[PDB]
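Student: piece number one of the complex, untouched:
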Amino acid sequence: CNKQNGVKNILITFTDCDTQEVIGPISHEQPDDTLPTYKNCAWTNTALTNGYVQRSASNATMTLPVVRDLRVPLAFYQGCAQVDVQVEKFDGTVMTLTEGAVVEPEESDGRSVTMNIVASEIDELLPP
Amino acid sequence: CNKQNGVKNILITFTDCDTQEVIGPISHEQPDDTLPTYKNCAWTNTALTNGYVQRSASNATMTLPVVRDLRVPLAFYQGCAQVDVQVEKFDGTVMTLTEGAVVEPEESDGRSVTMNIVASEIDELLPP
Amino acid sequence: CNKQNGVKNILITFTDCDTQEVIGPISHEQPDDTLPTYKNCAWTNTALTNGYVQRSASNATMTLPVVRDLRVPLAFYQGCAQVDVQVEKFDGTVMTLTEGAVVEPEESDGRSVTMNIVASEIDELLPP
Amino acid sequence: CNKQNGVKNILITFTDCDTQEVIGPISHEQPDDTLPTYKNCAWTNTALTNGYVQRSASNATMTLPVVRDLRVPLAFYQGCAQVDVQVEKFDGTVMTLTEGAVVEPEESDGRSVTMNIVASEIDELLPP
Amino acid sequence: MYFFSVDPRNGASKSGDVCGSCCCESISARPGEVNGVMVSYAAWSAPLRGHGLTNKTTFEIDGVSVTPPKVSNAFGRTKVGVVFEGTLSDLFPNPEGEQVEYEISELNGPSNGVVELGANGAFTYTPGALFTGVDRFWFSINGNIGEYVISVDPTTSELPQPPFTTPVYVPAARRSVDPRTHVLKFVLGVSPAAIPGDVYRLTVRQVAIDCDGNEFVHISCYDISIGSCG
Amino acid sequence: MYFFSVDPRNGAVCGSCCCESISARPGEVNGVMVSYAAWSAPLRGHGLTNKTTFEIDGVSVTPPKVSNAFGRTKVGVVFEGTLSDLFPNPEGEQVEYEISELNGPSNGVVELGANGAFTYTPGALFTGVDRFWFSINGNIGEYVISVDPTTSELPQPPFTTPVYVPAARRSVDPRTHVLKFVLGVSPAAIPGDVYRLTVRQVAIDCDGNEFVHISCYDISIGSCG
Amino acid sequence: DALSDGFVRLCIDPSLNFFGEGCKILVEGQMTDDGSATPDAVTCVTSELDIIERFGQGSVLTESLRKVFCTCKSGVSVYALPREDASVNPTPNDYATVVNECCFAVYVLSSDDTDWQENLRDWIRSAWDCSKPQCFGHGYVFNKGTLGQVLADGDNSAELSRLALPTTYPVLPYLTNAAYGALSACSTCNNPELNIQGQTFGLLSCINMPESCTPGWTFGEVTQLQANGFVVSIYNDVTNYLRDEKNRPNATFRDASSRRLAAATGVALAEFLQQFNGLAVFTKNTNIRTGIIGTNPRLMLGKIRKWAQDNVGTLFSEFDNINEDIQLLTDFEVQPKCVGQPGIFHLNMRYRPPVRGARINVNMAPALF
Amino acid sequence: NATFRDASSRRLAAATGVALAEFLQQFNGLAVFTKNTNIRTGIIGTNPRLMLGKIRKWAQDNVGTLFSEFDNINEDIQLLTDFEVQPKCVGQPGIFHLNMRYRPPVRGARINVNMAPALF
């Protein structure tokens, strides 16, 4: 229903950049109450003097915590395979990201990873 | 009621500066109890020695958290669209800002964004 | 006069936000002498210094204990469904709450639940 | 109608998480008049502002007091054995639970334990 | 049955004068129905402590939207016992005689006789034996409804004339006023020849009486809306 | 038993125009009760009267394929008849006939021959009218026979209409303002057809005057219940 | 070709159509018999291909629907009622039979004859009556003549938007009329709040009138027309109302926006109330039992109020005294209990169009230093 | 309606048709949940919106190569499921109805110089 801030579906598709094998699209589950966070604008800004701004090129970022699926190796989450991620919220919004790449992997314990995905562009669907 | 501090009205107008299309002015709602912050004097000062000061040119700054409107794409908040903002508090003051540019975009979750607007000058309307 | 305080009718309408099914409006019965408690003003206040106050945005809450109806699943009272509740006291007052949501569910034994409902606004009728 | 509240049957099955040996299903007896409590919805809510709500994932819990069976070691109640429990009330309701895990063990005296079972989902069978 | 409460004529108003009023109460009618209306002057005549109402009510029927009929009406005459013959083709002035289907709806047929319709706009009315009076029947030429009255004398000379009942009417004497509860009852009959969509206006002038025999006049209106299927 | 309530005429299921709905299966004979209690009780008087009038109109008819036929045989004597000149069988089709045992004769027995022939032996010591319902290749029609008491003849009854209301089976309960009547559906009614029944009931006041009321119901001839 | 399997089935057609049509404008006008089509018969015409030999070449209807077919590119379901011909103006038309329950939002009548216009008015107002079956139609008609005539040749009807035109107007009148209606429909048939005025939201595309200096109605005449009524061009897309039952000022039913939003609230409340069907409404003990779906008149009023307190700002505006604007009285309540019958209720609300912007008088006064 | 005037237009039309096909070959017997839209942890599937997303993504990607800069993309792409465009109780489970525009790209022509040798 309307007015419910939360995630409902998280689809991830792994592709190994070594053997060209594909796995997915596999569903995942949130490990805690934190939500995946997004940034769509591919142009960062910098504060110049007197109202101006230096518009330079940048990437589309994504932060996604998920429970590791006990069938996919851990390496696929630590930045050793190209990922295709797709999220849907409760209010209807669905965000798709293709051919992303996990940048700056963090230590994990084996059951809950936090992926910092970087990509060229993310699309939103804006529920009707 | 002549005392209560807080924000009462928030208007935002988006103009995407490639296609030159304008949206708004659309209202908005605060996501939490915190209030937007301001800085009007476009001349920051730097402490020299012996009571003097170096007066340089800088920007009018504004920090504003809002709930994303589910009809405007998230990119327009992340800094891919020029913004014109207006805030009106309970005590009668209004702060208007034209030709703003979201600088230093911050990772958001899709429902509550914090915009750092930078503009040449912010106008007041000191309650009568 | 002030006719004796107490509840007379409690109507609840369940709506599942997964299958979009609707159940109700079903009436319920009070389990004890405790009465449902209400809060209409959707703005909390915080005590500043020297008579001032910081007026921010908030919700309209509701506390309602009812005996579970042996046809509606218990999960629908622990926050698996959107509820539309309506109370009517003896003195004529009737309070309506639409598209609310059960927040912070508490343990229940299976015959008497206590719902902490949160909603955008509650309407009062003020008997003639 | 609504026949007397109270529990009629309690079944418990122990599976040691090391040797995978199974014991049960054994019955049990309430130590006092209090009843087990429940929470079925696997999604708790949190009070956001202006009527909204954040729907995160959580666990279905169950609190159940029983008299220790003098043929099962006390460790199997303190959280050293995976448990599957079933309760049946007088009015016809039954609550089943599989792959439970006794969490947060509480110090007992050897004849009456209070187990805080946590499971993925509890299933009902609302009476005929 | 319709039940209306009259205005009190005292200070504030009533019934949606919020944004003004259509100024007339509304009465939905179906062609052929004969309903009953009660108007309660308790709001206006009770503060006037006296002898309530009197039997001096007067009515007026005025059409604001009529849509004049296509098929005209006709009048016939015959003696008692002798069968009547008549035509049904000269009552429909048309631009074409395309498929004119003379039809006698049984719901509003004769009252003290029988009618045998011919093949082409002819009909034979056999009045009931040992009967003399007025008898009508409603025909339908190509959907357009009209009435034919064949009032029968007892072969003395003739009945003078029936008044050719209007689409909407109020019967002569079926009204009453109860001075104990301040209620006026009157019946409302609408002929089957009323066209759906028409609008008439009935105005009622009712006079009360004080304790000494003087008069207090009150005037009201009602818009009659003739709608089929209602 | 259908049970409807009348609108009390206050301007207070419109469907398409006003009229109500009544489903019906071919061959059944059901009963309907309509409660004028809502309309006649405020008009305190002598209740209703036994002056109802019914009228049937078809808004969807599907003109019949097969046709009917009459018969004027005598008492005790056997009757012979054909069933081939009824179905016009426009496009070349088998003329397979059938006499349904659910709707057979009432005081006799038929003998369906090999090619649309049938022999009707009326019941001994019986004079009157009889009907039966044949099905020529799925399409149903009726055959009526009049057995005459050997004196001269017997009049001609009317071929029953698909949907009808019996001549004298209506009643009114002035103590409860309830009208009871019967709905008869011919077995020849084609499924999908829709007819309209209009009723004009008259109530009466304590002085002997009249109060008219008009309503409709749309009878939908549906197959399989 | 990777399409053999049978999974995907593609049709590469340029002239496809996905839109959910709606928006069911009707055009009425006399015809020439060249058009091979039954007169006095509503015909939901397609785009051009089925033209002049469907309504009558040359005649007014041709140009009218051409302009209409023009203007709006996509969004409407055009409907045509090709009336037939016979100080001639063959207009007679009481024809609620040919056009019936199938309901049309916009109407355009290409005929300056007062009678035909008034008949269309009557039909629309009948549709707009308290009668439970509703569709909420609106019409558009033109009216030429001089100032005196234009004023005289009018009425109170607020169900039309009678267009005024001076006796100098180059373009043949009815033309513009059609265009006007057309635009409105295709523009507003989803958003009712929009108002067709100014330049950007309302400029008639298919007109191409020859430019000049002497416009037409001078400023004074412009004020006369505007205040009185007519929609002199476009600007001021009001519906001539000027009055009410007794008291003249009734600002509410002035703008067409107000009328469309009122129809929107009507259809919304109609499609909303239907969740009170069945239900079971106790009205004597006012105490619903335990375990039976039911409601009480007070509860119903509460529900209605809650509803009317959400659409506010978007459909209604503020509801000054909510305790009085929305009233629900049961049959037994008002009628002293002899003629009472459970099931009947009376709801009455107070429509207030959301206040819009208007003239902004400026008084800039220069000075030095 | 010069939409199919340029030969190149028709050629690239066929090209993008077969390309769209080979893209919508991945959505084969891969399960699709259309009644609860809550894919359980471990299952491999999609639902109408999760597929509309990918379709729009592919569209955006190919812009510049086959398609041009789309108009309001929320109108062009539509993924009506089976029992939403069919007589109520008829639609078989597992059929979709996707339908899309093209707006082929633009190229160069129509150079109308207005040279003016005017003097000094």
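Tutor: Nice, thanks for sending it over. Numbers count the residues shown, from 1 in each chain, chains lettered A, B, ... in the order given.

Student: so which strand or helix has residue G:158?
Tutor: Here residue G:158, judged by DSSP states H and E, is contained in no helix and no strand.

Student: residues in contact with it?
Tutor: For residue G:158, the contacting residues are G:239-241, G:253, G:259, by CB atoms under 8 Å, 6 or more residues apart in numbering or on different chains. Backbone N, C-alpha and C define where each C-beta goes, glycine included.

Student: rerun at 7 Å
Tutor: G:239-241, G:253 (CB atoms under 7 Å, 6 or more residues apart in numbering or on different chains).

Student: In JSON lines: those, plus distance to chain C, neighbour count and secondary structure.
Tutor: Shown next, in JSON lines, are the contacts of residue G:158 (distance: CB to the nearest CB, whole Å; neighbours: other CB atoms under 10 Å in any protein chain shown; DSSP: H, G, I helix; E, B strand; the rest coil):
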{"residue": "G:239", "distance to chain C": "34", "neighbour count": "24", "secondary structure": "coil"}
{"residue": "G:240", "distance to chain C": "39", "neighbour count": "21", "secondary structure": "coil"}
{"residue": "G:241", "distance to chain C": "34", "neighbour count": "21", "secondary structure": "coil"}
{"residue": "G:253", "distance to chain C": "29", "neighbour count": "18", "secondary structure": "helix"}
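
Student: Same list (those) but as a markdown table, adding distance to chain E.
Tutor: Output for the contacts of residue G:158, formatted as a markdown table (distance: CB to the nearest CB, whole Å):
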| residue | distance to chain E |
| --- | --- |
| G:239 | 17 |
| G:240 | 18 |
| G:241 | 13 |
| G:253 | 10 |
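
Student: Could you work out the most separated pair of these?
Tutor: The largest distance within those, taken as CB to CB, falls between G:240 and G:253 and amounts to 10.3 Å.

Student: then add chain I to what we have above:
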Amino acid sequence: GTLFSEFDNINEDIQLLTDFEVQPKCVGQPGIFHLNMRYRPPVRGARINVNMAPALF
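Tutor: Alright, chain I goes in next:
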């Protein structure tokens, strides 16, 4: 989800029709607890018939 599709009404499909009552204490033979469950295999992908509509600006 994996073995079958979502039950429309789980309290109708599942039915553990037993007969124990019949079985008298004068004999020991247990074991007639037949179970009858419905089946609707997980819905899959099929014809996705598309309708492209080329155009221009």
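
Student: try the contacts of residue G:158 again now we have chain I.
Tutor: Counting by CB under 7 Å, 6+ apart, residue G:158 touches G:239-241, G:253.

Student: how many neighbours does residue G:6 have?
Tutor: A total of 8 residues lie near residue G:6 under the criterion other CB atoms under 10 Å in any protein chain shown.

Student: which residue packs closest to whichever residue of chain E sits closest to chain I, ignoring adjacent ones?
Tutor: For chain E, the nearest residue to chain I under the criterion CB to the nearest CB is residue E:229, separated by 40.6 Å. Taking CB to CB, 6 or more residues apart in numbering or on different chains, and ignoring the residues beside it in sequence, residue E:229 has residue F:18 as its nearest neighbour in space, at 3.0 Å.

Student: Which residue would be the closest one in chain E to chain D?
Tutor: Closest residue of chain E to chain D, CB to the nearest CB: residue E:18 (31.9 Å).

Student: in terms of contact, does that residue touch residue G:351 like I think?
Tutor: No. Using CB atoms under 7 Å, residue E:18 is not in contact with residue G:351, being 10.1 Å away.

Student: more crowded one of those two?
Tutor: Each of residue E:18 and residue G:351 has its neighbours counted (other CB under 10 Å); residue G:351 has more, 16 against 13.

Student: so who does that one touch?
Tutor: Taking CB under 7 Å, 6+ apart as the contact definition, residue G:351 lies against G:252, G:262, G:265, G:316.

Student: pretty sure the first one contacts residue G:262?
Tutor: When you say that, I think you mean residue G:252. No. Counting by CB under 7 Å, residue G:262 is not a contact partner of residue G:252; they are 8.7 Å apart.

Student: now check stretch G:6-23, is it near chain I?
Tutor: Yes. Residues of stretch G:6-23 are located near chain I by CB under 7 Å from any CB of the partner chain, namely G:7-14, G:16.

Student: now those residues as a markdown table including distance to residue D:40 and neighbour count?
Tutor: Below are these laid out as a markdown table (distance: CB to CB, whole Å; neighbours: other CB atoms under 10 Å in any protein chain shown):
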| residue | distance to residue D:40 | neighbour count |
| --- | --- | --- |
| G:7 | 41 | 18 |
| G:8 | 43 | 21 |
| G:9 | 45 | 13 |
| G:10 | 47 | 18 |
| G:11 | 49 | 12 |
| G:12 | 52 | 17 |
| G:13 | 52 | 11 |
| G:14 | 55 | 14 |
| G:16 | 49 | 15 |
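
Student: following sequence is chain J, place it on the structure:
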Amino acid sequence: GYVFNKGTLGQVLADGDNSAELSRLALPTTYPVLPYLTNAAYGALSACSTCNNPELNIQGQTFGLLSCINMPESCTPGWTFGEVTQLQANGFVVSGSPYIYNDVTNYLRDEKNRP
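Tutor: Putting chain J together with the chains above:
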């Protein structure tokens, strides 16, 4: 169970009942291969693939391409689009090397309620 059935539409279309225990691979009267070979191949591939996982729909080109058939490449099929569309409503296992698609069984109707 896997079995074939060969001939012309009429026969193949009328040589199959509501038997759900069999997959009847339909073969045209001009099918230039020995039916036995293709049928065996189909069954074998299905079996080999669905040992660990049963859900896999053996159809289309990728997974369902009968490897060892090496059919002589031609330019005209047997069953054309019509007769195919025909016996796809009627349950059959039409094969276009040649790949398999619409891997269904000859099951069309429960006791009487056909759909």
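
Student: Once more for the contacts of residue G:158, now including chain J?
Tutor: Listed by CB under 7 Å, 6+ apart, the contact partners of residue G:158 are G:239-241, G:253.

Student: In TSV, list the residues you listed along with distance to residue D:46.
Tutor: Formatted as TSV, those follow (distance: CB to CB, whole Å):
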residue	distance to residue D:46
G:239	51
G:240	56
G:241	52
G:253	48
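
Student: Can you narrow these down to the ones near chain J?
Tutor: With CB under 7 Å from any CB as the criterion, no member of those is in contact with chain J.

Student: Residue nearest the middle of chain J, spatially speaking?
Tutor: residue J:93 (2.1 Å; CA atoms, centre = their mean).

Student: Just give me the neighbour total for the residue nearest to it when sequence neighbours are not counted.
Tutor: Taking CB to CB, 6+ apart, and ignoring the residues beside it in sequence, residue J:93 has residue J:25 as its nearest neighbour in space, at 4.4 Å. Residue J:25 sits with 23 neighbouring residues when counted by other CB under 10 Å.

Student: So residue J:25 sits against residue J:42, correct?
Tutor: Yes. The criterion here is CB under 7 Å, and residue J:25 meets it with residue J:42 at 5.9 Å.

Student: hang on, the earlier thing: contacting residues for the residue nearest to the centre of chain J?
Tutor: Residues touching residue J:93, when contacts are defined by CB under 7 Å, 6+ apart, comprise J:23-26, J:100, J:102-104.

Student: Relative to residue B:104, how far out is it?
Tutor: 62 Å (CB to CB, to the nearest Å).

Student: now residue G:193
Tutor: In this structure, residue G:193 and residue B:104 are separated by 37 Å, where distance is defined by CB to CB.

Student: neighbour-wise, which of the two wins?
Tutor: Between residue G:193 and residue B:104, counting by other CB under 10 Å, residue G:193 is the more crowded of the two (15 against 12).

Student: how far away is the more buried one from residue G:26?
Tutor: 24 Å.
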